[PDB]
file target_34.tsv (TSV, C-alpha atoms and all ligand atoms)
chain	number	residue	atom	x	y	z
A	160	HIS	CA	86.42	67.94	77.74
A	161	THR	CA	82.85	66.66	77.93
A	162	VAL	CA	80.78	65.03	75.19
A	163	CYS	CA	77.12	64.86	74.22
A	164	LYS	CA	74.71	61.94	74.58
A	165	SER	CA	73.73	61.87	70.89
A	166	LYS	CA	76.91	61.52	68.79
A	167	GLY	CA	80.30	61.80	70.50
A	168	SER	CA	83.94	61.19	69.69
A	169	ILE	CA	85.96	58.03	70.36
A	170	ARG	CA	87.02	59.13	73.86
A	171	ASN	CA	83.50	59.92	75.21
A	172	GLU	CA	85.00	60.91	78.60
A	173	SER	CA	87.83	63.23	79.66
A	174	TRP	CA	86.74	64.65	83.04
A	175	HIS	CA	88.77	62.36	85.31
A	176	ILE	CA	90.83	59.17	85.08
A	177	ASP	CA	90.79	58.00	88.70
A	178	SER	CA	89.28	54.54	89.15
A	179	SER	CA	88.81	54.31	92.92
A	180	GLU	CA	86.20	56.59	94.48
A	181	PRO	CA	88.09	59.45	96.17
A	182	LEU	CA	87.11	61.08	99.43
A	183	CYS	CA	84.59	63.87	98.86
A	184	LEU	CA	82.85	66.57	100.90
A	185	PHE	CA	79.64	67.43	99.00
A	186	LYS	CA	77.74	65.61	96.25
A	187	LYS	CA	74.15	66.48	95.37
A	188	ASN	CA	71.64	66.45	92.52
A	189	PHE	CA	69.18	69.20	91.63
A	190	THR	CA	66.37	69.57	89.11
A	191	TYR	CA	65.82	72.36	86.60
A	192	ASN	CA	63.14	73.28	84.08
A	193	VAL	CA	63.91	71.65	80.74
A	194	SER	CA	61.72	73.98	78.64
A	195	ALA	CA	63.79	77.04	79.54
A	196	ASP	CA	65.67	79.70	77.59
A	197	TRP	CA	68.39	80.94	79.96
A	198	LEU	CA	69.85	79.69	83.25
A	199	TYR	CA	71.32	82.24	85.65
A	200	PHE	CA	74.03	81.32	88.17
A	201	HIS	CA	75.71	83.31	90.96
A	202	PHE	CA	78.83	81.77	92.52
A	203	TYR	CA	80.92	83.50	95.17
A	204	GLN	CA	82.96	82.94	98.33
A	205	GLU	CA	83.26	84.67	101.69
A	206	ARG	CA	85.31	83.71	104.77
A	207	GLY	CA	86.05	80.30	103.29
A	208	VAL	CA	82.34	79.60	102.68
A	209	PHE	CA	81.26	79.06	99.06
A	210	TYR	CA	77.74	80.23	98.17
A	211	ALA	CA	75.85	79.39	94.98
A	212	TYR	CA	72.55	80.79	93.69
A	213	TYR	CA	70.59	79.36	90.75
A	214	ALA	CA	67.62	80.45	88.65
A	215	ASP	CA	65.80	78.90	85.70
A	216	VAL	CA	62.64	81.04	85.40
A	217	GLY	CA	62.91	84.81	85.70
A	218	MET	CA	65.91	87.12	85.75
A	219	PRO	CA	66.53	87.33	89.54
A	220	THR	CA	68.21	84.35	91.17
A	221	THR	CA	67.37	82.37	94.31
A	222	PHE	CA	69.52	80.60	96.89
A	223	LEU	CA	70.74	77.17	95.78
A	224	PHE	CA	73.31	75.98	98.34
A	225	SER	CA	76.37	76.87	100.42
A	226	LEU	CA	79.27	74.76	101.67
A	227	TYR	CA	82.51	75.11	103.63
A	228	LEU	CA	85.93	74.49	102.06
A	229	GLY	CA	88.49	76.29	104.23
A	230	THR	CA	90.69	77.34	101.29
A	231	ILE	CA	90.66	80.10	98.65
A	232	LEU	CA	89.43	79.29	95.16
A	233	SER	CA	91.69	80.64	92.42
A	234	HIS	CA	90.72	79.53	88.89
A	235	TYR	CA	87.70	78.30	86.96
A	236	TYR	CA	87.27	76.67	83.55
A	237	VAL	CA	84.42	76.02	81.10
A	238	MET	CA	85.05	72.37	80.06
A	239	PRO	CA	84.50	72.78	76.29
A	240	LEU	CA	81.95	70.44	74.73
A	241	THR	CA	82.79	68.00	71.92
A	242	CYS	CA	79.81	66.81	69.86
A	243	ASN	CA	79.01	65.89	66.26
A	244	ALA	CA	75.71	67.73	65.63
A	245	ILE	CA	74.84	71.13	67.07
A	253	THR	CA	74.35	77.76	69.17
A	254	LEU	CA	76.17	76.94	72.41
A	255	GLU	CA	76.82	80.04	74.52
A	256	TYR	CA	78.19	80.51	78.04
B	500	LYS	CA	107.30	76.86	85.45
B	501	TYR	CA	110.89	76.39	86.59
B	502	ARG	CA	112.79	78.70	88.94
B	519	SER	CA	116.57	82.03	93.97
B	520	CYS	CA	115.24	81.78	97.54
B	521	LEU	CA	118.83	81.46	98.77
B	522	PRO	CA	119.83	80.53	101.32
B	523	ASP	CA	116.45	80.26	103.06
B	524	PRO	CA	113.05	81.72	102.11
B	525	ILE	CA	112.56	82.96	105.69
B	526	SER	CA	115.91	84.79	105.98
B	527	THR	CA	116.41	85.72	102.33
B	528	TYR	CA	118.41	88.83	101.50
B	529	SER	CA	116.04	89.84	98.65
B	530	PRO	CA	112.43	88.87	99.46
B	531	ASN	CA	111.15	90.47	96.23
B	532	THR	CA	112.75	87.71	94.12
B	533	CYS	CA	111.66	84.49	95.84
B	534	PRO	CA	108.12	83.51	94.75
B	535	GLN	CA	107.27	82.30	98.28
B	536	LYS	CA	105.71	85.50	99.59
B	537	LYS	CA	104.98	86.12	103.27
B	538	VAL	CA	101.24	86.33	103.99
B	539	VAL	CA	99.00	86.11	107.05
B	540	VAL	CA	96.01	83.87	107.70
B	541	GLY	CA	92.62	85.56	107.42
B	542	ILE	CA	89.31	84.70	109.04
B	543	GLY	CA	88.01	81.20	108.38
B	544	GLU	CA	91.15	80.14	106.49
B	545	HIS	CA	94.08	77.80	107.10
B	546	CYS	CA	97.84	78.01	106.65
B	547	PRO	CA	98.50	78.18	102.88
B	548	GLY	CA	101.72	76.21	103.26
C	1	LIG	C1	72.82	62.18	90.34
C	1	LIG	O1	72.24	61.82	89.08
C	1	LIG	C2	73.12	61.08	88.22
C	1	LIG	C3	72.38	60.87	86.92
C	1	LIG	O2	71.93	62.11	86.38
C	1	LIG	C4	73.53	59.78	88.90
C	1	LIG	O3	74.46	59.09	88.07
C	1	LIG	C5	73.98	57.76	87.80
C	1	LIG	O4	73.98	56.96	88.99
C	1	LIG	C6	73.48	55.63	88.79
C	1	LIG	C7	73.47	54.95	90.14
C	1	LIG	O5	74.68	55.17	90.84
C	1	LIG	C8	74.35	54.89	87.77
C	1	LIG	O6	73.80	53.61	87.52
C	1	LIG	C9	74.42	55.69	86.47
C	1	LIG	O7	75.34	55.07	85.57
C	1	LIG	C10	74.87	57.12	86.74
C	1	LIG	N1	74.87	57.90	85.52
C	1	LIG	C11	75.88	58.70	85.16
C	1	LIG	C12	75.71	59.43	83.86
C	1	LIG	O8	76.88	58.83	85.85
C	1	LIG	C13	74.16	60.06	90.26
C	1	LIG	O9	74.42	58.84	90.93
C	1	LIG	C14	73.22	60.92	91.10
C	1	LIG	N2	73.85	61.26	92.37
C	1	LIG	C15	73.21	61.21	93.54
C	1	LIG	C16	74.02	61.59	94.75
C	1	LIG	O10	72.04	60.87	93.63
C	2	LIG	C1	59.23	75.77	82.34
C	2	LIG	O1	59.19	76.96	81.54
C	2	LIG	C2	58.04	77.05	80.68
C	2	LIG	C3	58.21	78.30	79.86
C	2	LIG	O2	59.54	78.79	79.93
C	2	LIG	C4	56.77	77.06	81.53
C	2	LIG	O3	55.64	77.07	80.67
C	2	LIG	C5	56.72	75.83	82.42
C	2	LIG	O4	55.60	75.90	83.30
C	2	LIG	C6	58.00	75.72	83.25
C	2	LIG	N1	57.99	74.51	84.05
C	2	LIG	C7	58.41	74.47	85.32
C	2	LIG	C8	58.33	73.13	85.99
C	2	LIG	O5	58.84	75.46	85.89

call {"tool": "encode", "arguments": {"input": "target_34.tsv", "output": "structure tokens"}}
result
Amino acid sequence: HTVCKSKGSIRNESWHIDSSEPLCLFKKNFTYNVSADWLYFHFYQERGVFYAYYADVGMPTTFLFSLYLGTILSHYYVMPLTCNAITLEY
Amino acid sequence: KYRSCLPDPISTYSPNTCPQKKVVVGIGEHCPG
């Protein structure tokens, strides 16, 4: 579970526990409009290639990125948020 | 979860019971296991 940057619990971090940096395949940062109402996302896979589309302004979405994994994705979670003052929809 | 796949999963008498199903590799994929 993830926490907020205003008033969190005692744990403050529950994503991973590994100390050493593991081998990765893709790690990037993107920017989005802060003064926005809704954020639209389109994730899918085809022939072992994972495609992702993102949009912050407007209803239609635009291409964001695409990578190669070689396997078949099975499950997905939401990582519930734990905060002290907060409304939150997904 | 816990478990017959006996005696072998390749030459099993009842393939509908063992969870290790027989599948083929598609396009742009690897051997599942
Ligand atoms: C993507 O941005 C995040 C911050 O939004 C970066 O994380 C920070 O990285 C710096 C430098 O490594 C650290 O000093 C901070 O402590 C990090 N903050 C957090 C919250 O982890 C991240 O490094 C960026 N990634 C890339 C590839 O640029
Ligand atoms: C963010 O959205 C607001 C209204 O939703 C708009 O006025 C502003 O120009 C947008 N900023 C960017 C950088 O898109």

call {"tool": "residues_near_ligand", "arguments": {"input": "target_34.tsv", "ligand": "ligand LIG 1 (chain C)", "cutoff": "7 Å", "atoms": "all atoms listed in the file", "output": "list in words"}}
result
residues 186, 187 and 188 of chain A

call {"tool": "interface_residues", "arguments": {"input": "target_34.tsv", "of": "chain A", "to": "chain B", "cutoff": "9 Å", "atoms": "only C-alpha atoms", "output": "number ranges by chain"}}
result
A: 205-208, 228-231

call {"tool": "residues_around", "arguments": {"input": "target_34.tsv", "residues": "residue B:525", "least_positions_apart": "5", "cutoff": "12 Å", "atoms": "all atoms listed in the file", "output": "MDAnalysis selection string"}}
result
chainID B and resid 520 530 533:538

call {"tool": "write_last_selection", "arguments": {"input": "target_34.tsv", "atoms": "C-alpha atoms", "output": "PDB file, in the coordinates of the input"}}
result
ATOM      1  CA  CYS B 520     115.240  81.780  97.540  1.00  0.00           C
ATOM      2  CA  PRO B 530     112.430  88.870  99.460  1.00  0.00           C
ATOM      3  CA  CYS B 533     111.660  84.490  95.840  1.00  0.00           C
ATOM      4  CA  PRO B 534     108.120  83.510  94.750  1.00  0.00           C
ATOM      5  CA  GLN B 535     107.270  82.300  98.280  1.00  0.00           C
ATOM      6  CA  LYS B 536     105.710  85.500  99.590  1.00  0.00           C
ATOM      7  CA  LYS B 537     104.980  86.120 103.270  1.00  0.00           C
ATOM      8  CA  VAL B 538     101.240  86.330 103.990  1.00  0.00           C
TER       9      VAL B 538
END

call {"tool": "residues_near_ligand", "arguments": {"input": "target_34.tsv", "ligand": "ligand LIG 2 (chain C)", "cutoff": "6 Å", "atoms": "all atoms listed in the file", "output": "list in words"}}
result
residues 192, 194 and 195 of chain A

call {"tool": "axis_aligned_box", "arguments": {"input": "target_34.tsv", "around": "stretch 196-205 of chain A", "padding_each_side": "6 Å", "output": "JSON"}}
result
{"center_x": 74.5, "center_y": 82.2, "center_z": 89.6, "size_x": 29.6, "size_y": 17.0, "size_z": 36.1}

call {"tool": "atom_distance", "arguments": {"input": "target_34.tsv", "atom1": "atom CA of residue A:221", "atom2": "atom CA of residue A:163"}}
result
28.4 Å

call {"tool": "residues_around", "arguments": {"input": "target_34.tsv", "residues": "stretch 166-182 of chain A", "least_positions_apart": "4", "cutoff": "10 Å", "atoms": "all atoms listed in the file", "output": "ChimeraX atom specification"}}
result
/A:160-162,238,240-245

call {"tool": "write_last_selection", "arguments": {"input": "target_34.tsv", "atoms": "C-alpha atoms", "output": "PDB file, in the frame of the given file"}}
result
ATOM      1  CA  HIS A 160      86.420  67.940  77.740  1.00  0.00           C
ATOM      2  CA  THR A 161      82.850  66.660  77.930  1.00  0.00           C
ATOM      3  CA  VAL A 162      80.780  65.030  75.190  1.00  0.00           C
ATOM      4  CA  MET A 238      85.050  72.370  80.060  1.00  0.00           C
ATOM      5  CA  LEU A 240      81.950  70.440  74.730  1.00  0.00           C
ATOM      6  CA  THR A 241      82.790  68.000  71.920  1.00  0.00           C
ATOM      7  CA  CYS A 242      79.810  66.810  69.860  1.00  0.00           C
ATOM      8  CA  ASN A 243      79.010  65.890  66.260  1.00  0.00           C
ATOM      9  CA  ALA A 244      75.710  67.730  65.630  1.00  0.00           C
ATOM     10  CA  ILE A 245      74.840  71.130  67.070  1.00  0.00           C
TER      11      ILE A 245
END

call {"tool": "build_atoms", "arguments": {"input": "target_34.tsv", "residues": "stretch 500-546 of chain B", "atoms": "N, CA and C atoms", "output": "PDB file, in the coordinates of the input"}}
result
ATOM      1  N   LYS B 500     106.075  76.376  86.060  1.00  0.00           N
ATOM      2  CA  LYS B 500     107.300  76.860  85.450  1.00  0.00           C
ATOM      3  C   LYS B 500     108.478  76.652  86.402  1.00  0.00           C
ATOM      4  N   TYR B 501     109.675  76.606  85.822  1.00  0.00           N
ATOM      5  CA  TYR B 501     110.890  76.390  86.590  1.00  0.00           C
ATOM      6  C   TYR B 501     111.270  77.666  87.345  1.00  0.00           C
ATOM      7  N   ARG B 502     112.317  77.566  88.157  1.00  0.00           N
ATOM      8  CA  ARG B 502     112.790  78.700  88.940  1.00  0.00           C
ATOM      9  C   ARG B 502     113.533  79.704  88.064  1.00  0.00           C
ATOM     10  N   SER B 519     115.637  83.096  93.644  1.00  0.00           N
ATOM     11  CA  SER B 519     116.570  82.030  93.970  1.00  0.00           C
ATOM     12  C   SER B 519     116.251  81.412  95.327  1.00  0.00           C
ATOM     13  N   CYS B 520     115.626  82.211  96.197  1.00  0.00           N
ATOM     14  CA  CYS B 520     115.240  81.780  97.540  1.00  0.00           C
ATOM     15  C   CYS B 520     116.442  81.253  98.324  1.00  0.00           C
ATOM     16  N   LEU B 521     117.601  81.884  98.121  1.00  0.00           N
ATOM     17  CA  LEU B 521     118.830  81.460  98.770  1.00  0.00           C
ATOM     18  C   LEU B 521     119.233  82.447  99.860  1.00  0.00           C
ATOM     19  N   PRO B 522     119.709  81.957 101.016  1.00  0.00           N
ATOM     20  CA  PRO B 522     119.830  80.530 101.320  1.00  0.00           C
ATOM     21  C   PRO B 522     118.526  79.911 101.822  1.00  0.00           C
ATOM     22  N   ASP B 523     117.719  80.706 102.522  1.00  0.00           N
ATOM     23  CA  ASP B 523     116.450  80.260 103.060  1.00  0.00           C
ATOM     24  C   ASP B 523     115.356  81.258 102.702  1.00  0.00           C
ATOM     25  N   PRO B 524     114.135  80.787 102.435  1.00  0.00           N
ATOM     26  CA  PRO B 524     113.050  81.720 102.110  1.00  0.00           C
ATOM     27  C   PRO B 524     112.602  82.570 103.287  1.00  0.00           C
ATOM     28  N   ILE B 525     112.943  82.186 104.513  1.00  0.00           N
ATOM     29  CA  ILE B 525     112.560  82.960 105.690  1.00  0.00           C
ATOM     30  C   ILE B 525     113.566  84.074 105.969  1.00  0.00           C
ATOM     31  N   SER B 526     114.851  83.820 105.737  1.00  0.00           N
ATOM     32  CA  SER B 526     115.910  84.790 105.980  1.00  0.00           C
ATOM     33  C   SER B 526     116.614  85.170 104.684  1.00  0.00           C
ATOM     34  N   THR B 527     115.842  85.346 103.617  1.00  0.00           N
ATOM     35  CA  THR B 527     116.410  85.720 102.330  1.00  0.00           C
ATOM     36  C   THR B 527     116.848  87.181 102.338  1.00  0.00           C
ATOM     37  N   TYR B 528     117.913  87.467 101.587  1.00  0.00           N
ATOM     38  CA  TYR B 528     118.410  88.830 101.500  1.00  0.00           C
ATOM     39  C   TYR B 528     117.531  89.702 100.605  1.00  0.00           C
ATOM     40  N   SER B 529     116.925  89.118  99.573  1.00  0.00           N
ATOM     41  CA  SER B 529     116.040  89.840  98.650  1.00  0.00           C
ATOM     42  C   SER B 529     114.703  89.121  98.615  1.00  0.00           C
ATOM     43  N   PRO B 530     113.741  89.548  99.440  1.00  0.00           N
ATOM     44  CA  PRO B 530     112.430  88.870  99.460  1.00  0.00           C
ATOM     45  C   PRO B 530     111.579  89.151  98.236  1.00  0.00           C
ATOM     46  N   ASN B 531     111.927  90.147  97.421  1.00  0.00           N
ATOM     47  CA  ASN B 531     111.150  90.470  96.230  1.00  0.00           C
ATOM     48  C   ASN B 531     111.401  89.508  95.078  1.00  0.00           C
ATOM     49  N   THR B 532     112.413  88.648  95.181  1.00  0.00           N
ATOM     50  CA  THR B 532     112.750  87.710  94.120  1.00  0.00           C
ATOM     51  C   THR B 532     112.159  86.324  94.337  1.00  0.00           C
ATOM     52  N   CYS B 533     112.184  85.821  95.565  1.00  0.00           N
ATOM     53  CA  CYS B 533     111.660  84.490  95.840  1.00  0.00           C
ATOM     54  C   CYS B 533     110.144  84.480  95.680  1.00  0.00           C
ATOM     55  N   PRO B 534     109.577  83.524  94.938  1.00  0.00           N
ATOM     56  CA  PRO B 534     108.120  83.510  94.750  1.00  0.00           C
ATOM     57  C   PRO B 534     107.336  83.230  96.019  1.00  0.00           C
ATOM     58  N   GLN B 535     107.954  82.624  97.031  1.00  0.00           N
ATOM     59  CA  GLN B 535     107.270  82.300  98.280  1.00  0.00           C
ATOM     60  C   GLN B 535     107.109  83.576  99.091  1.00  0.00           C
ATOM     61  N   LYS B 536     105.989  84.262  98.879  1.00  0.00           N
ATOM     62  CA  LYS B 536     105.710  85.500  99.590  1.00  0.00           C
ATOM     63  C   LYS B 536     105.234  85.214 101.008  1.00  0.00           C
ATOM     64  N   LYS B 537     105.385  86.213 101.872  1.00  0.00           N
ATOM     65  CA  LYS B 537     104.980  86.120 103.270  1.00  0.00           C
ATOM     66  C   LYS B 537     103.590  86.728 103.422  1.00  0.00           C
ATOM     67  N   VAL B 538     102.619  85.903 103.811  1.00  0.00           N
ATOM     68  CA  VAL B 538     101.240  86.330 103.990  1.00  0.00           C
ATOM     69  C   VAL B 538     100.762  85.897 105.368  1.00  0.00           C
ATOM     70  N   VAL B 539      99.621  86.445 105.772  1.00  0.00           N
ATOM     71  CA  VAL B 539      99.000  86.110 107.050  1.00  0.00           C
ATOM     72  C   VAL B 539      97.693  85.383 106.781  1.00  0.00           C
ATOM     73  N   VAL B 540      97.232  84.656 107.794  1.00  0.00           N
ATOM     74  CA  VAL B 540      96.010  83.870 107.700  1.00  0.00           C
ATOM     75  C   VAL B 540      94.823  84.758 108.057  1.00  0.00           C
ATOM     76  N   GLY B 541      93.815  84.775 107.191  1.00  0.00           N
ATOM     77  CA  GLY B 541      92.620  85.560 107.420  1.00  0.00           C
ATOM     78  C   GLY B 541      91.645  84.867 108.345  1.00  0.00           C
ATOM     79  N   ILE B 542      90.380  85.254 108.222  1.00  0.00           N
ATOM     80  CA  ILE B 542      89.310  84.700 109.040  1.00  0.00           C
ATOM     81  C   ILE B 542      88.688  83.521 108.304  1.00  0.00           C
ATOM     82  N   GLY B 543      88.584  82.384 108.988  1.00  0.00           N
ATOM     83  CA  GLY B 543      88.010  81.200 108.380  1.00  0.00           C
ATOM     84  C   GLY B 543      88.892  80.546 107.335  1.00  0.00           C
ATOM     85  N   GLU B 544      90.206  80.723 107.433  1.00  0.00           N
ATOM     86  CA  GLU B 544      91.150  80.140 106.490  1.00  0.00           C
ATOM     87  C   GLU B 544      92.234  79.395 107.260  1.00  0.00           C
ATOM     88  N   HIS B 545      93.005  78.597 106.532  1.00  0.00           N
ATOM     89  CA  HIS B 545      94.080  77.800 107.100  1.00  0.00           C
ATOM     90  C   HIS B 545      95.430  78.319 106.612  1.00  0.00           C
ATOM     91  N   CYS B 546      96.487  77.672 107.079  1.00  0.00           N
ATOM     92  CA  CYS B 546      97.840  78.010 106.650  1.00  0.00           C
ATOM     93  C   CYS B 546      98.028  77.610 105.194  1.00  0.00           C
TER      94      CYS B 546
END
